[PDB]
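See below for the structure under consideration.
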Amino acid sequence: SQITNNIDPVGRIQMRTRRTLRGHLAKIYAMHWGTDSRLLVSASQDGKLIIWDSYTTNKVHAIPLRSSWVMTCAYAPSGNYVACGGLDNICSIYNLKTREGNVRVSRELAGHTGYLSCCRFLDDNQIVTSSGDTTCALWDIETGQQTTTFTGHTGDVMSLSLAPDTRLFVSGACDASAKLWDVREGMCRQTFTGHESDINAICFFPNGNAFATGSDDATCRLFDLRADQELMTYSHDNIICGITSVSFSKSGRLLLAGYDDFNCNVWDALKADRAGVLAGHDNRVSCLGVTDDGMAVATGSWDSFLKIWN
Amino acid sequence: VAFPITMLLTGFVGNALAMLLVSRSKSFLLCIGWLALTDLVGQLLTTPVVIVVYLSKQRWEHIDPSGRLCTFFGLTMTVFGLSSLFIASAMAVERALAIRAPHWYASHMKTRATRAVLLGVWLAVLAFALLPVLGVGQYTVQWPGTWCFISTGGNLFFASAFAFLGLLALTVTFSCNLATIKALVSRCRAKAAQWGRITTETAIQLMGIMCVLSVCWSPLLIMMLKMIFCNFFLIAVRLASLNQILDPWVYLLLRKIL
Amino acid sequence: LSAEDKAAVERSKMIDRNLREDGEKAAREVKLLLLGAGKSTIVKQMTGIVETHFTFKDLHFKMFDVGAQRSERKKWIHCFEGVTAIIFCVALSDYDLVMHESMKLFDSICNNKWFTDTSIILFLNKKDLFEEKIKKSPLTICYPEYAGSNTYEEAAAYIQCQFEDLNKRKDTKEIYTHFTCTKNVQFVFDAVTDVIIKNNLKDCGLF
Amino acid sequence: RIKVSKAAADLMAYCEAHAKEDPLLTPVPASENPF
Ligand SMILES: CCCCC[C@H](O)/C=C/[C@H]1[C@H](O)CC(=O)[C@@H]1C/C=C\CCCC(=O)O
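Chains as they are written, first to last, in full-length UniProt numbering: chain A, 31 to 340; chain B, 52 to 76, 86 to 213, 226 to 264, 271 to 307, 325 to 353; chain C, 5 to 41, 45 to 53, 182 to 233, 243 to 325, 329 to 354; chain D, 55 to 89.
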């Protein structure tokens with residue numbers, strides 16, 4: 031942080047809610063952009079997992095669940111599969127491009143004991159889940175059994191983020207200990223502890239050799255995978271609430287953090303300043319994703335509104 | 052001369068507030093907003109003519125030949141004025157339904173009938189005000205020479233039907249509050271108590287409604303039946336418009352106010 | 005704006021009609037938690184979580200007997216904010232069976257920041273074992289100043305007023321205590340028709 | 055472990071080598087911006 035004061039900061043950011051996606055009735059805990067930069071999913075407590083088109087803002091599929099308590103969702107890099115998980119301790123997988131018209135469930139992954147916090151696809155054959163019984167996993171869709179299980183901490187895992195090359199991920203947990211794992215061997219490689227309380231979201235820096243941790247004590251930090259220590263903490267003195275989701279931009283210059291004092295923010299991810307607030311959400315925000323092309327964000331919140339910015 | 056000036060500005064400052072307050076923030089806020097909006101519009105579309113008419117000092121028949129402006133002002137008062145009783149009555153019947161059939165209210169009345177019967181009250185009210193427009197009854201100029209109501213003479229059928237249909241609202245209101253109150257007390261008597275504070279708050283706020291609609295629309299309705307069968328009638332419309340001034344205050348203000 | 009777009013928008017409107025129909029069908033159902041510390048007996052006579188669906192007098196409501204997770208209460212209890220009641224359940228035949245933990249749980253639940261409007265029903269399960277165990281042995285040992293008597297009804301009323309005392313700084317929720325004697332599901336029926344009336348009188352706006 | 059100034063240099067070098075292709079710090083005109 032000491033070296034960058036010779037760099038011209040970004041001045042101010044203005045973002046406008048270019049759409050508004052309406053139709054949910056309960057609150058919202060999820061979204062995930064496709065690699066299409068076009069379609070998103072969203073998961074709610076109505077029992078509905080709705081796939082939205084982000085251009086015409088109308089439904090393409092409204093998948094009806096069984097367990098109406100979902101806390102995460104995923105959308106495959108092949109554009110074929112959605113996943114959902116929650117308090118049922120079951121990760122359901124639905125397929126989209128089917129022979130018939132109606133949508134159906136493919137495989138019911140049923141091998142956890144705690145609830146589900148995240149799940150992210152690797153191929154159409156490998157899904158990595160994280161749970162509340164202090165263990166991640168790595169699954170296999172046709173086999174049905176987990177081919178590698180990571181049990182490296184005491185705190186319940188809360189987030190997950192694969193690398194850009196999809197060889198080793200990162201998971202932070204309720205004991206403030208963010209670990210760096212490895213998919214091939216199956217054991218931890220480093221553990222970073224810099225936070226004073228538990229951890230709600232993590233994503234990688236888009237290069238693949240840094241990551242950002244959002245905690246529940248109104249502070250974010252930026253860890254590096256080669257110096258193995260904290261670089262910045264981002265914190266303003268007028269915050270009480272706790273971060274709920276975190277994402278980066280494509281150039282690695284904006285760090286968008288989804289706070290819990292009713293509105294998101296934008297953090298300069300190199301100068302530790304506050305650029306511009308995504309204000310106007312009515313209830314707490316739960317989720318936000320920048321597209322792969324890097325053209326929008328789509329924040330969801332307990333207000334039943336999924337709004338798409340810039 | 053100061054009476055329309057007072058009832059203009061006092062009613063305006065009464066009903067500006069509620070529009071602002073209501074706008075920012086259920087199946088009650090819309091049905092107090094549509095009372096507030098109709099109440100203010102009926103105060104803005106009617107007062108300018110009188111305020112203008114008596115600056116001048118000439119007979120209404122001189123300014124309007126052919127009898128169109130009195131026909132305009134004899135339909136507005138009925139229309140904007142009666143609605144208001146039909147905005148107070150609807151609200152009251154709904155407040156009974158809540159306590160008397162506790163679950164029927166949840167499944168069947170989710171804001172898709174608070175834009176239905178409420179925006180149907182105006183239609184019911186109006187397939188009656190336009191009967192002098194088709195030849196039955198007559199809106200004529202009264203003793204002051206600034207406003208208009210039903211001639212005393226088939227006109228009686230318009231004059232007696234106004235009294236009958238203005239009685240429905242008043243009666244419905246009184247029945248509904250007493251029915252609600254009785255049910256509330258009996259439901260609170262057999263306990264064995272914070273449900274008691276509900277009874278005091280409601281009792282107070284469901285008797286203000288029952289007293290305003292019998293200090294204001296009492297004389298205008300009771301004298302018209304005798305007229306069907325000098326100065327008194329003049330006060331009968333200042334009372335029956337004062338409810339409109341206070342309509343905005345009682346439902347969503349004085350309780351917050353104090 | 006070819007025929008493809010019009011077909012897509014008609015599909016979207018059919019989806020929204022089905023979505024709003026299912027949503028409206030959902031809201032005439034009384035979601036209810038089933039928190040606890045003899046829950047099995049209660050759910051009999053009335182992994183993950185289990186939802187039990189049953190209908191009484193033209194009013195079918197589900198019931199979410201959570202308790203198989205045992206991971207953390209701080210992280211998934213805020214998905215339960217919109218709920219009508221909480222059928223809390225404690226057997227009172229365990230005053231000296233190695243009740244303070246139950247009182248701690250009730251203190252943590254009744255004062256929670258997501259549940260300042262939910263009317264906590266409470267059930268007290270095992271009464272025959274309690275009266276035999278109080279006829280045989282006294283209960284002046286949970287506190288050294290617990291009871292000033294040793295009969296059944298004074299002890300039962302003392303325990304009931306002891307659980308109803310932990311309601312800290314609330315005059316918006318109403319504990320409906322019972323003793324688990329047809330007339331065991333009748334009580335939740337007659338105590339859920341008393342919280343939806345409280346809610347209607349706040350809906351139409353009256354207090 | 056590598057020097058933290060070297061990792062700082064690497065991250066700021068990735069920051070300055072993609073400032074042109076960022077549609078959320080230097081926005082594109084609305085001809086191509088698909089919303
Ligand atoms: C059935 C009656 C409905 C009328 C409702 C209407 O919105 C009332 C508004 C009043 C206000 O209080 C005084 C005033 O000039 C307005 C129009 C009514 C009075 C006309 C005669 C006034 C005068 O000559 O004194």
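Backbone N, C-alpha and C fix where the C-beta goes; we use that ideal spot for every residue, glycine too.
What are the residues that DSSP puts in a beta bridge with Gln220 of chain A? As computed with DSSP, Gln220 of chain A is found in a beta bridge with A:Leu210.
Could you check where the alpha helix (DSSP H) with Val257 of chain B kicks off and where it finishes? Note, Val257 of chain B: alpha helix (DSSP H), 227-261.
Pull up the distance between the alpha-carbon of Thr182 of chain C and that of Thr159 of chain A, whole angstroms please. Whole-angstrom Cα-Cα distance: 17 Å.
I'd like to know whether the C-beta atoms of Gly185 of chain A and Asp228 of chain A end up nearer to each other than 9 Å. Contact flag set, yes.
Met137 of chain B: CB within 8 Å of a non-hydrogen atom of ligand 1: Checking the Cβ of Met137 of chain B against ligand 1 gives yes.
Is it right to say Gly195 of chain B is buried, meaning 16 or more other beta carbons lie within 10 angstroms of its own, or is it exposed? Label assigned to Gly195 of chain B: exposed.
Where does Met53 of chain C fall in DSSP's three states? Note: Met53 of chain C maps to coil in three-state DSSP.
Beta-carbon of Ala208 of chain A versus every beta-carbon of chain D: anything under 9 Å? Judged by the 9 Å Cβ criterion, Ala208 of chain A is not in contact with chain D.
Closest by C-alpha distance to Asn249 of chain B, when choosing among B:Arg160, B:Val101, B:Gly102, B:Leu89: It is B:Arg160.
If you draw a straight line from the alpha carbon of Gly141 of chain B to that of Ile287 of chain B, how long is it in whole angstroms? Looking at the backbone, the Cα of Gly141 of chain B and that of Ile287 of chain B are separated by about 17 Å.
Could you check which residue in B:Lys170, B:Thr174, B:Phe234, B:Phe246 has the C-alpha nearest to that of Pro192 of chain B? Residue B:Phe234 is the option with its Cα nearest to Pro192 of chain B.
Give the DSSP-derived three-state secondary structure of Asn237 of chain A in the structure shown. Looking at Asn237 of chain A - three-state DSSP - the assignment turns out to be coil, as it is neither helix nor strand.
For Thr284 of chain C, tell me which candidate among C:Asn294, C:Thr260, C:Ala338 has the shortest Cα-Cα distance. Scanning C:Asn294, C:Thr260, C:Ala338 for the CA closest to the CA of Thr284 of chain C turns up C:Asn294.
Mapping the DSSP letters down to three states, classify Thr164 of chain A as helix, strand or coil. Correct three-state label for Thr164 of chain A: coil.
Taking residue 127 of chain C as the query, report the chain A residues whose CB atoms sit under 8 Å from its CB, ordered along the chain. Because chain C is numbered from 53 directly to 182, the model contains no atoms for residue 127 of chain C.
Name the residue from A:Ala167, A:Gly272, A:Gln156, A:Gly131 whose alpha carbon lies nearest to the alpha carbon of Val187 of chain A. Taking only the C-alpha atoms, the option nearest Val187 of chain A is A:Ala167.
From this set, A:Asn155, A:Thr50, A:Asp258, A:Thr87, which residue's C-alpha is nearest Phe335 of chain A's C-alpha? It is A:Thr50 whose Cα lies nearest to the Cα of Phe335 of chain A.
Answer with yes or no whether the minimum CB distance from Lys89 of chain A to chain E is below 9 Å. The displayed structure is made up of protein chains A, B, C and D, and chain E is not among them.
Within 7 Å of chain C by C-beta, residues of the UniProt repeat "WD 7" (310-340) of chain A in sequence order: Among the residues of the UniProt repeat "WD 7" (310-340) of chain A, none has a Cβ less than 7 Å away from any Cβ of chain C.
Does DSSP put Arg150 of chain A in a helix, a strand or coil? When secondary structure is reduced to three states using DSSP, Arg150 of chain A falls in the strand class.
What's the gap between the Cα of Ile58 of chain A and the Cα of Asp76 of chain A? The alpha-carbon of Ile58 of chain A is positioned some 9 Å away from that of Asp76 of chain A.
With the cut-off set at 9 Å, would you say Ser191 of chain A and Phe253 of chain A are in Cβ contact? No, Cβ-Cβ distance for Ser191 of chain A and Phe253 of chain A is not below 9 Å.
Please tell me whether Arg261 of chain B has its Cβ less than 9 Å away from any Cβ of chain C. At a cut-off of 9 Å between beta-carbon atoms, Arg261 of chain B makes no contact with chain C.
Got a sec: does ligand 2 put a non-hydrogen atom nearer than 8 Å to the Cβ of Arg46 of chain A? Inclusion of ligand 2 in the displayed structure is not the case, the ligand content consisting of ligand 1 alone.
Let me see if you follow: with CB-CB separation under 9 Å, is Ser126 of chain B close to chain C or not? Judged by the 9 Å Cβ criterion, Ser126 of chain B is not in contact with chain C.
Determine whether the beta carbon atoms of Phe307 of chain C and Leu232 of chain C lie at a separation below 9 Å. In this structure, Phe307 of chain C keeps its C-beta atom at 9 Å or more from the C-beta atom of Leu232 of chain C.
Could you tell me whether any Cβ in chain A is nearer than 9 Å to the Cβ of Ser59 of chain D? So, interface residue.
Would you mind telling me which residues of chain D sit closer than 8 Å to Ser279 of chain A, beta carbon to beta carbon, in chain order? By Cβ distance, chain D contributes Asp76, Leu78, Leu79.
Take the Cβ of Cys325 of chain C as the centre, count every other Cβ of all protein chains shown within 10 Å, and call the residue buried at 16 or more, exposed below. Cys325 of chain C should be labelled exposed.
Could you work out which residues of chain D lie near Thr34 of chain A, taking near to mean beta carbons separated by less than 7 Å? Counting only Cβ-Cβ distances below 7 Å, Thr34 of chain A has contacts in chain D at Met66, in chain order.
Measure from the C-beta of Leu255 of chain A to each C-beta in chain C and report whether the shortest distance is under 9 Å. For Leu255 of chain A, the answer is no, since every Cβ of chain C falls outside 9 Å of its Cβ.
Going by DSSP in three states, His266 of chain A sits in which element: helix, strand or coil? The answer is coil: DSSP assigns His266 of chain A none of H, G, I, E or B.
Pick helix, strand or coil for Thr200 of chain B, following the three-state DSSP scheme. It is a strand residue.
Would the beta-carbon of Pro204 of chain B fall within 9 Å of that of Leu329 of chain B? Yes, the pair counts as a contact, with Cβ atoms nearer than the cut-off.
If contacts are defined as beta-carbon pairs under 8 Å, then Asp66 of chain A and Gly109 of chain A qualify, I think. What distance do you get, rounded to the angstrom? About 6 Å separates the Cβ atoms of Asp66 of chain A and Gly109 of chain A, confirming a contact at the 8 Å cut-off.
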